[PDB]
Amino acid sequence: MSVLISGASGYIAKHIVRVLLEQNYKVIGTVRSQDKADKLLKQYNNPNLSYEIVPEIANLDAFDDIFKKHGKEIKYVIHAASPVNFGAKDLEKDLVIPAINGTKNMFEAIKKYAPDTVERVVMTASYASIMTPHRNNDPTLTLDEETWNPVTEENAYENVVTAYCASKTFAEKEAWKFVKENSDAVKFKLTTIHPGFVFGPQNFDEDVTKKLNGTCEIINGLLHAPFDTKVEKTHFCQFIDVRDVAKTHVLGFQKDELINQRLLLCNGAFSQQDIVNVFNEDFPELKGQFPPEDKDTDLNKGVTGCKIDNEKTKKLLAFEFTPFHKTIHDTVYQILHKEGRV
């Protein structure tokens, strides 16, 4: 009945492991080093948790050793490992290759060592594999769970943004191709999850560092910006709360109606200024210690960019998503409280 989760040291994955342990699952995470495994075991202090070391998901047959050891006990797989940080001049090596190869490696290990034992795979894709980046600001485009990012391998590396979005798109395409080509050989059913920009508190307070890795540094950077910093008030993207994402991953292998589904996890548009506005409304005593409030944002003028049709996703998951204001508030409170400022 064990659950394997790849990339278990990350921002989203630490919340997923929390949820799994809340529900009494035995959990095997993969992390890059013994260092990280040791630190995590001390943070969770839970005997149902263990880690295996996978230093590089891109390398040959990277997940085989896990299934040679645990193949008989792994019933569910959450494939969450894909690069979010990467060298801007190593867009294949650091980004597209590990995204794709990590996915192929996970699925091929299941096929080779546990084709009839693994029942469900839940893969973290992205809003990036559904949306068209250059139409982020186009309200005449409506996206739903069947829409695909049309980026080509030829044009994928326009910039770091298109390249990351292509890494998610190409990896997810390979995932569905595998499931189509192996429906007779392997038992597992695939569910993919497609978060927008993920915000919300770190799973552990102690992991709030001066500079955050990943998407929450958007918030943390604005929170510490000098008062006179120029803040953009134009549409940035869609967001989703990390705790909604984590809850969805676990439902993803539990609920029969999520089999073969792409789940579009966005809950609203924002600009940098909409984030800053929460600072000023919710922590008025600190006004002046970060950039000021300005209600003139795209969002407040009814400008939210390409449209999100995720009614099917919301109906299947059934639970209400966390509103933007709370997600930002909880992120900011955790930082300011850790700093002793509130």
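One rule holds for the numbers: they count along the sequence shown, beginning at 1.
Novice: Looking at the deposited entry, does 42-50 or 269-277 carry the larger mean Cα B-factor?
Specialist: Stretch with the greater average CA B-factor: 42-50.
Novice: Hey, which bit's got the bigger mean C-alpha B factor in the entry, 19-27 or 321-329?
Specialist: The recorded data point to 19-27.
Novice: Going by the entry, which of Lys314, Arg32, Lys68, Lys307 has the most elevated CA B factor?
Specialist: Top of the list by C-alpha B-factor: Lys68.
Novice: Have a look at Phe197, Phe188, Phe170, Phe236 and flag the one whose Cα has the highest B-factor in the entry.
Specialist: In the PDB entry, the greatest C-alpha B-factor among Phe197, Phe188, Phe170, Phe236 is found at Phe188.
Novice: Would you mind checking where the Cα B-factor of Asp184 ranks among the modelled residues of its chain, as the lowest, middle or highest third?
Specialist: It belongs to the highest third of the chain when residues are ordered by C-alpha B-factor.
Novice: State the tercile, meaning the lowest, middle or highest third, of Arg262 with respect to the CA B-factors recorded for its chain.
Specialist: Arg262: CA B-factor falls in the lowest third of its chain.
Novice: Place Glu217 in the lowest, middle or highest third of its chain's C-alpha B-factors, as listed in the PDB entry.
Specialist: It falls in the top third of the chain.
Novice: Ranking every modelled residue in this chain by its Cα temperature factor as given in the entry, which third contains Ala88?
Specialist: For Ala88, the deposited C-alpha B-factor lands in the highest third.
Novice: Taking the chain's C-alpha temperature factors as the reference, tell me which third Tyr76 falls into: lowest, middle or highest.
Specialist: It belongs to the middle third of the chain when residues are ordered by C-alpha B-factor.
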